[PDB]
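Containing PDB, C-alpha atoms (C1' of nucleotides): start-v3.pdb.
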```pdb
ATOM      1  CA  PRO D 692       0.000   0.000   0.000  1.00  0.00           C
ATOM      2  CA  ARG D 693       2.796   2.476   0.756  1.00  0.00           C
ATOM      3  CA  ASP D 694       4.492   1.943  -2.616  1.00  0.00           C
ATOM      4  CA  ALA D 695       1.168   2.290  -4.440  1.00  0.00           C
ATOM      5  CA  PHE D 696       0.394   5.472  -2.497  1.00  0.00           C
ATOM      6  CA  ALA D 697       3.822   6.898  -3.351  1.00  0.00           C
ATOM      7  CA  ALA D 698       3.396   6.108  -7.050  1.00  0.00           C
ATOM      8  CA  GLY D 699      -0.106   7.579  -7.098  1.00  0.00           C
ATOM      9  CA  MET D 700       1.028  10.765  -5.376  1.00  0.00           C
ATOM     10  CA  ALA D 701       3.906  11.030  -7.854  1.00  0.00           C
ATOM     11  CA  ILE D 702       1.488  10.804 -10.793  1.00  0.00           C
ATOM     12  CA  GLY D 703      -1.151  13.049  -9.213  1.00  0.00           C
ATOM     13  CA  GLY D 704       1.157  15.615  -7.631  1.00  0.00           C
ATOM     14  CA  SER D 705       0.767  17.130  -4.183  1.00  0.00           C
ATOM     15  CA  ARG D 706      -2.220  19.500  -4.650  1.00  0.00           C
ATOM     16  CA  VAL D 707      -1.101  21.996  -2.022  1.00  0.00           C
ATOM     17  CA  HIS D 708      -4.412  23.884  -2.222  1.00  0.00           C
ATOM     18  CA  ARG D 709      -5.950  21.119  -0.071  1.00  0.00           C
ATOM     19  CA  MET D 710      -3.352  21.634   2.678  1.00  0.00           C
ATOM     20  CA  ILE D 711      -5.020  22.238   6.054  1.00  0.00           C
ATOM     21  CA  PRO D 712      -3.136  23.679   9.069  1.00  0.00           C
ATOM     22  CA  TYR D 713      -3.655  21.363  12.052  1.00  0.00           C
ATOM     23  CA  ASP D 714      -4.384  24.216  14.445  1.00  0.00           C
ATOM     24  CA  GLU D 715      -6.885  24.627  17.281  1.00  0.00           C
ATOM     25  CA  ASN D 716      -9.546  26.108  14.985  1.00  0.00           C
ATOM     26  CA  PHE D 717      -9.598  22.871  12.994  1.00  0.00           C
ATOM     27  CA  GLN D 718      -9.804  20.964  16.284  1.00  0.00           C
ATOM     28  CA  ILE D 719     -12.976  22.864  17.181  1.00  0.00           C
ATOM     29  CA  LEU D 720     -14.132  22.306  13.588  1.00  0.00           C
ATOM     30  CA  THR D 721     -14.006  18.540  14.186  1.00  0.00           C
ATOM     31  CA  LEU D 722     -15.786  18.110  17.505  1.00  0.00           C
ATOM     32  CA  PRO D 723     -18.980  16.105  18.089  1.00  0.00           C
ATOM     33  CA  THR D 724     -22.024  16.965  20.201  1.00  0.00           C
ATOM     34  CA  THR D 725     -24.101  15.070  22.744  1.00  0.00           C
ATOM     35  CA  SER D 726     -27.441  13.581  21.721  1.00  0.00           C
ATOM     36  CA  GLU D 727     -29.545  16.384  23.208  1.00  0.00           C
ATOM     37  CA  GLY D 728     -27.245  19.086  21.837  1.00  0.00           C
ATOM     38  CA  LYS D 729     -27.846  21.434  24.788  1.00  0.00           C
ATOM     39  CA  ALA D 730     -27.281  21.539  28.537  1.00  0.00           C
ATOM     40  CA  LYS D 731     -28.466  23.328  31.672  1.00  0.00           C
ATOM     41  CA  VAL D 732     -26.134  25.837  33.338  1.00  0.00           C
ATOM     42  CA  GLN D 733     -26.189  25.021  37.040  1.00  0.00           C
ATOM     43  CA  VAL D 734     -25.126  27.667  39.541  1.00  0.00           C
ATOM     44  CA  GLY D 735     -21.375  27.616  40.130  1.00  0.00           C
ATOM     45  CA  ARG D 736     -20.892  24.164  38.576  1.00  0.00           C
ATOM     46  CA  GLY D 737     -21.438  24.471  34.827  1.00  0.00           C
ATOM     47  CA  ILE D 738     -22.724  22.181  32.071  1.00  0.00           C
ATOM     48  CA  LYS D 739     -22.865  18.397  32.414  1.00  0.00           C
ATOM     49  CA  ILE D 740     -21.213  16.302  29.691  1.00  0.00           C
ATOM     50  CA  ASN D 741     -20.638  12.591  30.377  1.00  0.00           C
ATOM     51  CA  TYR D 742     -21.050  13.060  34.147  1.00  0.00           C
ATOM     52  CA  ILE D 743     -18.417  15.847  34.121  1.00  0.00           C
ATOM     53  CA  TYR D 744     -19.253  19.464  34.924  1.00  0.00           C
ATOM     54  CA  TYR D 745     -17.456  21.854  32.571  1.00  0.00           C
ATOM     55  CA  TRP D 746     -17.158  25.427  33.816  1.00  0.00           C
ATOM     56  CA  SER D 747     -16.610  28.803  32.169  1.00  0.00           C
ATOM     57  CA  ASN D 748     -16.745  32.214  33.827  1.00  0.00           C
ATOM     58  CA  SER D 749     -19.288  33.278  31.187  1.00  0.00           C
ATOM     59  CA  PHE D 750     -21.759  31.118  33.139  1.00  0.00           C
ATOM     60  CA  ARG D 751     -21.702  33.752  35.911  1.00  0.00           C
ATOM     61  CA  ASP D 752     -24.131  35.941  33.954  1.00  0.00           C
ATOM     62  CA  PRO D 753     -27.486  36.165  35.793  1.00  0.00           C
ATOM     63  CA  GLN D 754     -29.654  35.501  32.719  1.00  0.00           C
ATOM     64  CA  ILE D 755     -27.653  32.456  31.550  1.00  0.00           C
ATOM     65  CA  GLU D 756     -28.209  30.448  34.755  1.00  0.00           C
ATOM     66  CA  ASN D 757     -30.336  27.303  34.328  1.00  0.00           C
ATOM     67  CA  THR D 758     -30.806  28.219  30.649  1.00  0.00           C
ATOM     68  CA  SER D 759     -30.397  25.747  27.799  1.00  0.00           C
ATOM     69  CA  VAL D 760     -27.080  26.365  26.023  1.00  0.00           C
TER      70      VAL D 760
ATOM     71  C1'  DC E   1     -63.209  -2.281 -26.981  1.00  0.00           C
ATOM     72  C1'  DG E   2     -61.331   1.482 -24.663  1.00  0.00           C
ATOM     73  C1'  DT E   3     -61.783   4.707 -20.946  1.00  0.00           C
ATOM     74  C1'  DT E   4     -63.364   6.379 -16.198  1.00  0.00           C
ATOM     75  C1'  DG E   5     -65.034   6.320 -11.800  1.00  0.00           C
ATOM     76  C1'  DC E   6     -65.839   3.217  -7.734  1.00  0.00           C
ATOM     77  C1'  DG E   7     -64.926  -0.199  -4.378  1.00  0.00           C
ATOM     78  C1'  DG E   8     -62.426  -4.534  -1.974  1.00  0.00           C
ATOM     79  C1'  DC E   9     -57.580  -6.095  -0.118  1.00  0.00           C
ATOM     80  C1'  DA E  10     -53.679  -5.879   2.125  1.00  0.00           C
ATOM     81  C1'  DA E  11     -49.342  -3.913   3.219  1.00  0.00           C
ATOM     82  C1'  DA E  12     -47.841   0.937   4.981  1.00  0.00           C
ATOM     83  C1'  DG E  13     -48.296   4.904   7.654  1.00  0.00           C
ATOM     84  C1'  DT E  14     -49.425   7.261  11.879  1.00  0.00           C
ATOM     85  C1'  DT E  15     -50.611   7.570  17.179  1.00  0.00           C
ATOM     86  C1'  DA E  16     -50.563   5.585  21.470  1.00  0.00           C
ATOM     87  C1'  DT E  17     -48.905   2.800  25.632  1.00  0.00           C
ATOM     88  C1'  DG E  18     -46.337   0.237  28.722  1.00  0.00           C
ATOM     89  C1'  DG E  19     -41.239  -1.540  29.071  1.00  0.00           C
ATOM     90  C1'  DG E  20     -35.668  -0.924  29.372  1.00  0.00           C
ATOM     91  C1'  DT E  21     -31.312   1.729  29.665  1.00  0.00           C
ATOM     92  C1'  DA E  22     -27.689   5.307  30.122  1.00  0.00           C
ATOM     93  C1'  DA E  23     -27.448  10.283  31.447  1.00  0.00           C
ATOM     94  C1'  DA E  24     -28.744  14.851  32.690  1.00  0.00           C
ATOM     95  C1'  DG E  25     -30.690  16.864  36.677  1.00  0.00           C
ATOM     96  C1'  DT E  26     -31.996  17.401  41.983  1.00  0.00           C
ATOM     97  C1'  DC E  27     -31.274  18.228  46.282  1.00  0.00           C
ATOM     98  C1'  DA E  28     -29.444  17.578  51.546  1.00  0.00           C
ATOM     99  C1'  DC E  29     -25.000  16.997  54.373  1.00  0.00           C
ATOM    100  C1'  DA E  30     -23.867  21.211  56.263  1.00  0.00           C
ATOM    101  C1'  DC E  31     -25.890  21.309  65.594  1.00  0.00           C
ATOM    102  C1'  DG E  32     -30.761  21.087  66.010  1.00  0.00           C
ATOM    103  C1'  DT E  33     -37.477  20.098  66.249  1.00  0.00           C
ATOM    104  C1'  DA E  34     -40.511  19.177  69.740  1.00  0.00           C
ATOM    105  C1'  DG E  35     -42.162  22.686  73.095  1.00  0.00           C
ATOM    106  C1'  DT E  36     -45.728  25.669  75.940  1.00  0.00           C
ATOM    107  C1'  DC E  37     -49.929  27.958  77.805  1.00  0.00           C
ATOM    108  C1'  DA E  38     -55.096  27.326  78.300  1.00  0.00           C
ATOM    109  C1'  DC E  39     -58.695  24.590  79.707  1.00  0.00           C
ATOM    110  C1'  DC E  40     -62.527  22.850  83.319  1.00  0.00           C
ATOM    111  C1'  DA E  41     -63.972  18.723  86.228  1.00  0.00           C
ATOM    112  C1'  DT E  42     -63.089  15.844  90.393  1.00  0.00           C
ATOM    113  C1'  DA E  43     -60.725  14.453  95.001  1.00  0.00           C
ATOM    114  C1'  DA E  44     -59.392  16.306  99.225  1.00  0.00           C
ATOM    115  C1'  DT E  45     -58.467  18.541 102.981  1.00  0.00           C
ATOM    116  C1'  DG E  46     -58.884  22.154 106.450  1.00  0.00           C
ATOM    117  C1'  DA E  47     -61.576  25.581 108.170  1.00  0.00           C
ATOM    118  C1'  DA E  48     -66.452  27.629 109.153  1.00  0.00           C
ATOM    119  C1'  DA E  49     -70.301  26.375 110.937  1.00  0.00           C
ATOM    120  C1'  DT E  50     -74.136  23.803 112.309  1.00  0.00           C
ATOM    121  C1'  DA E  51     -78.521  22.635 114.667  1.00  0.00           C
ATOM    122  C1'  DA E  52     -79.450  20.393 117.971  1.00  0.00           C
ATOM    123  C1'  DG E  53     -78.196  18.914 122.469  1.00  0.00           C
ATOM    124  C1'  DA E  54     -76.651  19.523 127.523  1.00  0.00           C
ATOM    125  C1'  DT E  55     -76.503  21.572 131.648  1.00  0.00           C
ATOM    126  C1'  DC E  56     -77.298  25.659 135.146  1.00  0.00           C
ATOM    127  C1'  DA E  57     -80.229  28.592 137.467  1.00  0.00           C
ATOM    128  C1'  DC E  58     -84.690  30.209 138.956  1.00  0.00           C
ATOM    129  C1'  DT E  59     -90.078  29.947 139.874  1.00  0.00           C
ATOM    130  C1'  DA E  60     -94.028  27.941 141.018  1.00  0.00           C
ATOM    131  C1'  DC E  61     -97.192  23.860 142.435  1.00  0.00           C
ATOM    132  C1'  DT E  62     -98.533  20.115 145.003  1.00  0.00           C
ATOM    133  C1'  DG E  63     -97.991  15.246 147.689  1.00  0.00           C
ATOM    134  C1'  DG E  64     -97.614  14.243 152.258  1.00  0.00           C
ATOM    135  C1'  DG E  65     -95.152  11.819 157.270  1.00  0.00           C
ATOM    136  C1'  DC E  66     -92.613  11.974 162.011  1.00  0.00           C
ATOM    137  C1'  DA E  67     -91.743  12.944 166.962  1.00  0.00           C
ATOM    138  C1'  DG E  68     -94.931  12.990 170.296  1.00  0.00           C
ATOM    139  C1'  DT E  69     -99.621  12.507 172.988  1.00  0.00           C
ATOM    140  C1'  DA E  70    -103.342   9.791 175.116  1.00  0.00           C
ATOM    141  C1'  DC E  71    -106.788   6.350 176.945  1.00  0.00           C
ATOM    142  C1'  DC E  72    -108.818   1.780 178.246  1.00  0.00           C
ATOM    143  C1'  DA E  73    -108.555  -1.743 180.100  1.00  0.00           C
ATOM    144  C1'  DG E  74    -106.341  -7.272 180.480  1.00  0.00           C
ATOM    145  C1'  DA E  75    -103.005  -9.820 182.780  1.00  0.00           C
ATOM    146  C1'  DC E  76     -98.945 -11.399 185.374  1.00  0.00           C
ATOM    147  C1'  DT E  77     -96.328 -10.593 189.755  1.00  0.00           C
ATOM    148  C1'  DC E  78     -95.960  -9.973 194.540  1.00  0.00           C
ATOM    149  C1'  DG E  79     -96.086  -7.043 199.508  1.00  0.00           C
ATOM    150  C1'  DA E  80     -98.728  -7.885 203.237  1.00  0.00           C
ATOM    151  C1'  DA E  81    -101.494 -10.395 205.756  1.00  0.00           C
ATOM    152  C1'  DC E  82    -104.833 -14.805 207.136  1.00  0.00           C
ATOM    153  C1'  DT E  83    -105.271 -19.213 208.458  1.00  0.00           C
ATOM    154  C1'  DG E  84    -104.694 -24.393 209.026  1.00  0.00           C
ATOM    155  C1'  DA E  85    -101.481 -28.736 210.024  1.00  0.00           C
ATOM    156  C1'  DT E  86     -97.840 -30.102 212.842  1.00  0.00           C
ATOM    157  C1'  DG E  87     -93.655 -31.996 215.730  1.00  0.00           C
TER     158       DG E  87
END
```
Mind turning this structure into structure tokens?
Amino acid sequence: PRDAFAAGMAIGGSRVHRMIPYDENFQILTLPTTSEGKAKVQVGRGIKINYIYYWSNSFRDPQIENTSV
DNA sequence: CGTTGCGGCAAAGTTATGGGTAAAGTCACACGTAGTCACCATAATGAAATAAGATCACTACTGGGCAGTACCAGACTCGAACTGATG
């Protein structure tokens, strides 16, 4: 398979326009989502994903508490 | 004969209902709930008092007997004297 891949890339070139920088933005571009797609912002704890409470200071806003995000 | 509308048949499509399973929520652990007057009938004495009872003192009324007196004899006892038998 490696020799065939090398020969095929030699015939077909590199096609640098398809190059993608493996940065953090791409990482966020390839993340999944839970089944519900939202979560409830508990006071002081955060949002529950797979029994783990993820926290961000943006949750401190009064109108975002207990709201579906 | 061909076309067109109508109706039976049986999957197929849509709601509903009672099950199972992971996963987002939910909430108490944070020293604490028991606690306190108000209430009027019943026992239960202890005191207050009884209503009758008990006794003193006085006033008046009415039975009623004892120490002493007195007579009229009958009857036994005996001074004093008479009188007869006797050793």
Residue IDs satisfying the PyMOL selection byres ((chain D) within 10 of (chain E)), as number ranges by chain: D: 727, 730-731, 733, 738-742
Residues returned when the PyMOL selection byres ((chain D and resi 749) around 12) runs on this file, as a ChimeraX atom specification: /D:732,734-738,745-748,750-756,760
With all atoms of region 721-735 of chain D from the file as input, state the centre and edge lengths in Å to one decimal of the axis-aligned box that has 5 Å extra on each side, as lines of an AutoDock Vina configuration file.
```
center_x = -21.8
center_y = 20.6
center_z = 27.2
size_x = 25.5
size_y = 24.1
size_z = 35.9
```
